>>> print(open('model.cif').read())   # mmCIF, C-alpha atoms
data_work
#
loop_
_atom_site.group_PDB
_atom_site.id
_atom_site.type_symbol
_atom_site.label_atom_id
_atom_site.label_comp_id
_atom_site.auth_asym_id
_atom_site.auth_seq_id
_atom_site.Cartn_x
_atom_site.Cartn_y
_atom_site.Cartn_z
ATOM 1 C CA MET A 1 -67.344 -109.514 -37.710
ATOM 2 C CA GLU A 2 -69.133 -110.900 -40.785
ATOM 3 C CA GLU A 3 -69.450 -114.590 -39.942
ATOM 4 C CA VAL A 4 -73.221 -114.744 -39.719
ATOM 5 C CA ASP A 5 -73.023 -118.159 -41.322
ATOM 6 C CA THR B 17 -81.423 -135.309 -58.720
ATOM 7 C CA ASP B 18 -77.926 -135.234 -57.203
ATOM 8 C CA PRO B 19 -76.604 -132.063 -55.514
ATOM 9 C CA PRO B 20 -77.234 -129.206 -57.939
ATOM 10 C CA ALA B 21 -74.194 -128.265 -59.911
ATOM 11 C CA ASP B 22 -71.502 -125.615 -59.395
ATOM 12 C CA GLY B 23 -72.882 -122.263 -60.656
ATOM 13 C CA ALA B 24 -76.247 -123.185 -59.072
ATOM 14 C CA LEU B 25 -74.676 -124.241 -55.753
ATOM 15 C CA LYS B 26 -72.149 -121.414 -55.742
ATOM 16 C CA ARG B 27 -75.023 -119.038 -56.427
ATOM 17 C CA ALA B 28 -76.763 -120.507 -53.425
ATOM 18 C CA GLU B 29 -73.446 -119.796 -51.756
ATOM 19 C CA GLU B 30 -73.815 -116.336 -53.273
ATOM 20 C CA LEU B 31 -77.247 -115.748 -51.840
ATOM 21 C CA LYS B 32 -75.755 -116.874 -48.541
ATOM 22 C CA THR B 33 -73.297 -114.011 -48.908
ATOM 23 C CA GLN B 34 -75.909 -111.622 -50.317
ATOM 24 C CA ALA B 35 -78.305 -112.396 -47.483
ATOM 25 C CA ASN B 36 -75.389 -111.878 -45.111
ATOM 26 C CA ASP B 37 -74.994 -108.516 -46.851
ATOM 27 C CA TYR B 38 -78.670 -107.878 -46.139
ATOM 28 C CA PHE B 39 -78.201 -108.857 -42.504
ATOM 29 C CA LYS B 40 -75.317 -106.372 -42.562
ATOM 30 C CA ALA B 41 -77.791 -104.016 -44.226
ATOM 31 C CA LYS B 42 -80.108 -104.744 -41.308
ATOM 32 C CA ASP B 43 -82.804 -106.167 -43.582
ATOM 33 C CA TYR B 44 -83.623 -109.587 -42.203
ATOM 34 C CA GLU B 45 -86.543 -110.306 -44.537
ATOM 35 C CA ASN B 46 -84.470 -109.817 -47.689
ATOM 36 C CA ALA B 47 -81.894 -111.967 -45.949
ATOM 37 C CA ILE B 48 -84.773 -114.383 -45.354
ATOM 38 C CA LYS B 49 -85.693 -114.077 -49.022
ATOM 39 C CA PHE B 50 -82.199 -114.588 -50.445
ATOM 40 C CA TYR B 51 -81.694 -117.520 -48.086
ATOM 41 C CA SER B 52 -84.974 -118.949 -49.368
ATOM 42 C CA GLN B 53 -83.730 -118.376 -52.905
ATOM 43 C CA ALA B 54 -80.648 -120.341 -51.844
ATOM 44 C CA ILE B 55 -82.983 -123.157 -50.735
ATOM 45 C CA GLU B 56 -84.382 -123.043 -54.231
ATOM 46 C CA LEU B 57 -80.857 -123.559 -55.532
ATOM 47 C CA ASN B 58 -79.620 -126.166 -53.050
ATOM 48 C CA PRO B 59 -81.680 -127.817 -50.253
ATOM 49 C CA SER B 60 -79.708 -129.467 -47.436
ATOM 50 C CA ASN B 61 -77.857 -126.477 -45.993
ATOM 51 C CA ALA B 62 -78.282 -125.748 -42.296
ATOM 52 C CA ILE B 63 -76.505 -122.518 -43.135
ATOM 53 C CA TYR B 64 -79.468 -121.253 -45.137
ATOM 54 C CA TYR B 65 -82.186 -122.387 -42.739
ATOM 55 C CA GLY B 66 -80.035 -121.467 -39.751
ATOM 56 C CA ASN B 67 -79.579 -117.826 -40.674
ATOM 57 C CA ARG B 68 -83.087 -117.710 -42.091
ATOM 58 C CA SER B 69 -84.409 -118.685 -38.675
ATOM 59 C CA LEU B 70 -81.821 -116.275 -37.280
ATOM 60 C CA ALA B 71 -83.444 -113.610 -39.449
ATOM 61 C CA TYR B 72 -86.873 -114.636 -38.158
ATOM 62 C CA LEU B 73 -85.212 -114.506 -34.733
ATOM 63 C CA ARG B 74 -84.415 -110.844 -35.370
ATOM 64 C CA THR B 75 -87.958 -110.176 -36.551
ATOM 65 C CA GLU B 76 -89.448 -112.050 -33.548
ATOM 66 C CA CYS B 77 -90.892 -114.578 -36.014
ATOM 67 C CA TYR B 78 -89.906 -117.292 -33.545
ATOM 68 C CA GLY B 79 -92.606 -119.615 -34.895
ATOM 69 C CA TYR B 80 -90.794 -119.825 -38.223
ATOM 70 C CA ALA B 81 -87.499 -119.465 -36.375
ATOM 71 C CA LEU B 82 -88.054 -122.597 -34.305
ATOM 72 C CA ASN B 83 -89.121 -124.474 -37.450
ATOM 73 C CA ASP B 84 -86.224 -123.393 -39.663
ATOM 74 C CA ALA B 85 -83.659 -123.737 -36.879
ATOM 75 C CA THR B 86 -84.786 -127.286 -36.149
ATOM 76 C CA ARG B 87 -84.884 -127.858 -39.899
ATOM 77 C CA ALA B 88 -81.225 -126.905 -40.167
ATOM 78 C CA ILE B 89 -80.329 -129.511 -37.555
ATOM 79 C CA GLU B 90 -82.143 -132.018 -39.777
ATOM 80 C CA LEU B 91 -80.033 -130.894 -42.749
ATOM 81 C CA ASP B 92 -76.710 -130.668 -40.958
ATOM 82 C CA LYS B 93 -77.046 -132.885 -37.960
ATOM 83 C CA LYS B 94 -73.936 -131.356 -36.491
ATOM 84 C CA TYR B 95 -73.937 -127.617 -36.930
ATOM 85 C CA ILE B 96 -73.023 -125.858 -33.685
ATOM 86 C CA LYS B 97 -74.395 -122.465 -34.698
ATOM 87 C CA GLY B 98 -77.448 -124.373 -35.886
ATOM 88 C CA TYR B 99 -78.242 -125.668 -32.409
ATOM 89 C CA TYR B 100 -77.628 -122.106 -31.271
ATOM 90 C CA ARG B 101 -80.407 -120.941 -33.616
ATOM 91 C CA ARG B 102 -82.887 -123.499 -32.286
ATOM 92 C CA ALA B 103 -81.847 -122.713 -28.735
ATOM 93 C CA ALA B 104 -82.566 -119.018 -29.299
ATOM 94 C CA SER B 105 -85.904 -120.011 -30.803
ATOM 95 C CA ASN B 106 -86.878 -121.950 -27.668
ATOM 96 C CA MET B 107 -85.317 -119.301 -25.419
ATOM 97 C CA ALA B 108 -87.322 -116.513 -27.043
ATOM 98 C CA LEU B 109 -90.468 -118.659 -26.910
ATOM 99 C CA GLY B 110 -90.052 -118.921 -23.148
ATOM 100 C CA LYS B 111 -88.758 -122.472 -23.174
ATOM 101 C CA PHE B 112 -85.725 -121.766 -21.016
ATOM 102 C CA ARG B 113 -85.167 -125.411 -20.111
ATOM 103 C CA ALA B 114 -85.512 -126.515 -23.726
ATOM 104 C CA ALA B 115 -83.202 -123.713 -24.832
ATOM 105 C CA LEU B 116 -80.838 -124.607 -22.023
ATOM 106 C CA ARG B 117 -80.626 -128.164 -23.337
ATOM 107 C CA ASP B 118 -79.581 -126.896 -26.770
ATOM 108 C CA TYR B 119 -77.284 -124.162 -25.419
ATOM 109 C CA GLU B 120 -75.812 -126.741 -23.055
ATOM 110 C CA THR B 121 -74.984 -128.944 -26.001
ATOM 111 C CA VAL B 122 -73.296 -126.017 -27.756
ATOM 112 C CA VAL B 123 -71.219 -125.199 -24.673
ATOM 113 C CA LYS B 124 -70.399 -128.899 -24.283
ATOM 114 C CA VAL B 125 -68.897 -128.875 -27.754
ATOM 115 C CA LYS B 126 -66.950 -125.631 -27.413
ATOM 116 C CA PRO B 127 -66.831 -124.584 -23.726
ATOM 117 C CA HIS B 128 -63.822 -122.492 -24.650
ATOM 118 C CA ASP B 129 -66.190 -120.335 -26.677
ATOM 119 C CA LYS B 130 -67.847 -117.659 -24.570
ATOM 120 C CA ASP B 131 -69.992 -117.036 -27.633
ATOM 121 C CA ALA B 132 -71.568 -120.363 -26.758
ATOM 122 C CA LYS B 133 -71.166 -119.963 -23.006
ATOM 123 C CA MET B 134 -72.852 -116.540 -22.952
ATOM 124 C CA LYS B 135 -76.284 -117.780 -24.012
ATOM 125 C CA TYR B 136 -75.888 -121.021 -22.046
ATOM 126 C CA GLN B 137 -75.188 -119.217 -18.794
ATOM 127 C CA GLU B 138 -77.792 -116.617 -19.627
ATOM 128 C CA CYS B 139 -80.422 -119.331 -20.050
ATOM 129 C CA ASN B 140 -79.053 -121.170 -17.018
ATOM 130 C CA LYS B 141 -79.243 -118.150 -14.724
ATOM 131 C CA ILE B 142 -82.770 -117.492 -15.982
ATOM 132 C CA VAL B 143 -83.715 -121.011 -14.970
ATOM 133 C CA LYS B 144 -82.456 -119.999 -11.527
ATOM 134 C CA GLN B 145 -84.463 -116.800 -11.787
ATOM 135 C CA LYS B 146 -87.346 -119.218 -11.954
ATOM 136 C CA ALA B 147 -85.945 -120.989 -8.871
#
>>> encode(input="model.cif", output="C-alpha cells")
Amino acid sequence: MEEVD
Amino acid sequence: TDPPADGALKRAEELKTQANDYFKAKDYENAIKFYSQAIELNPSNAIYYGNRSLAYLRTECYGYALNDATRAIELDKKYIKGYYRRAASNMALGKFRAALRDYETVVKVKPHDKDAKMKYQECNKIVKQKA
C-alpha cells in the first residue's frame, strides 16, 4: 500500500 | 544534545513521509535525499537509513545499501524491515547465504508473514540452486 517505512 | 525537539523530529518524520511520496513518485534519489535530510534532523532512525538503503536497493547502489541497511540495524537493533533491507543488500550482492541468515531471522520473527517468507524461501531455494 504505502507502508514503505 | 538530547533527541532533537518536536518540529525538528516531526519534520524528520515529514521527510520520511515526503521521501515515501518520492518513492511513490518513483524517484528513489530524492527519497534518498529527503531521508538524508531527515538524518540531518534526527539521527538514530532505522526507518530513515532503512528506506534510504531501500532506495539505493532500487538504484542498484547495493554498496551504500548494505552500509545504510546495516546502519539501521545499529540504530534500531530490532527493526524487522531493517533486517529485510540488509538481507536484500547481501542477496543482491550475491551473498545468498548471508542474505539467507538475515531473511531467516525475519521469517523466524514473523513466519506468518509471507512478506518475510517470500524472500527467505527465495534466497533458500537459490542456495539449493547452488546445490
>>> resolve_selection(input="model.cif", expression="the PyMOL selection byres ((chain A) within 8 of (chain B))", output="ChimeraX atom specification")
/A:2,4-5
>>> write_last_selection(input="model.cif", atoms="C-alpha atoms", output="mmCIF file, in the coordinates of the input")
data_model
loop_
_atom_site.group_PDB
_atom_site.id
_atom_site.type_symbol
_atom_site.label_atom_id
_atom_site.label_comp_id
_atom_site.auth_asym_id
_atom_site.auth_seq_id
_atom_site.Cartn_x
_atom_site.Cartn_y
_atom_site.Cartn_z
ATOM 1 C CA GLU A 2 -69.133 -110.900 -40.785
ATOM 2 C CA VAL A 4 -73.221 -114.744 -39.719
ATOM 3 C CA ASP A 5 -73.023 -118.159 -41.322
#
>>> residues_around(input="model.cif", residues="residue 123 of chain B", least_positions_apart="3", cutoff="7 Å", atoms="all atoms listed in the file", output="list in words")
residues 119, 120, 126, 127, 132, 133 and 136 of chain B
>>> residues_around(input="model.cif", residues="residue 28 of chain B", least_positions_apart="6", cutoff="9 Å", atoms="all atoms listed in the file", output="ChimeraX atom specification")
/B:50-51,53-58,64
>>> write_last_selection(input="model.cif", atoms="C-alpha atoms", output="tab-separated table (two decimals), in the frame of the given file")
chain	number	residue	atom	x	y	z
B	50	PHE	CA	-82.20	-114.59	-50.44
B	51	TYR	CA	-81.69	-117.52	-48.09
B	53	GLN	CA	-83.73	-118.38	-52.90
B	54	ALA	CA	-80.65	-120.34	-51.84
B	55	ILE	CA	-82.98	-123.16	-50.74
B	56	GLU	CA	-84.38	-123.04	-54.23
B	57	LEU	CA	-80.86	-123.56	-55.53
B	58	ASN	CA	-79.62	-126.17	-53.05
B	64	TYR	CA	-79.47	-121.25	-45.14
>>> atom_distance(input="model.cif", atom1="atom CA of residue 61 of chain B", atom2="atom CA of residue 128 of chain B")
25.9 Å
>>> atom_distance(input="model.cif", atom1="atom CA of residue 112 of chain B", atom2="atom CA of residue 129 of chain B")
20.4 Å
>>> atom_distance(input="model.cif", atom1="atom CA of residue 82 of chain B", atom2="atom CA of residue 26 of chain B")
26.7 Å
>>> resolve_selection(input="model.cif", expression="the PyMOL selection byres ((chain B and resi 83) around 12)", output="MDAnalysis selection string")
chainID B and resid 62 65:66 68:70 72:73 77:82 84:90 98 101:106
>>> closest_residue(input="model.cif", among="B:118, B:43, B:138, B:76", to="residue 99 of chain B", atoms="all atoms listed in the file")
B:118
>>> decode(input="model.cif", residues="chain A", atoms="C-alpha atoms", output="CSV table (one decimal), in the first residue's frame")
chain,number,residue,atom,x,y,z
A,1,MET,CA,0.0,0.0,0.0
A,2,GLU,CA,2.0,3.0,1.3
A,3,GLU,CA,3.9,1.4,4.2
A,4,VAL,CA,7.4,1.8,2.8
A,5,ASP,CA,8.6,2.6,6.3
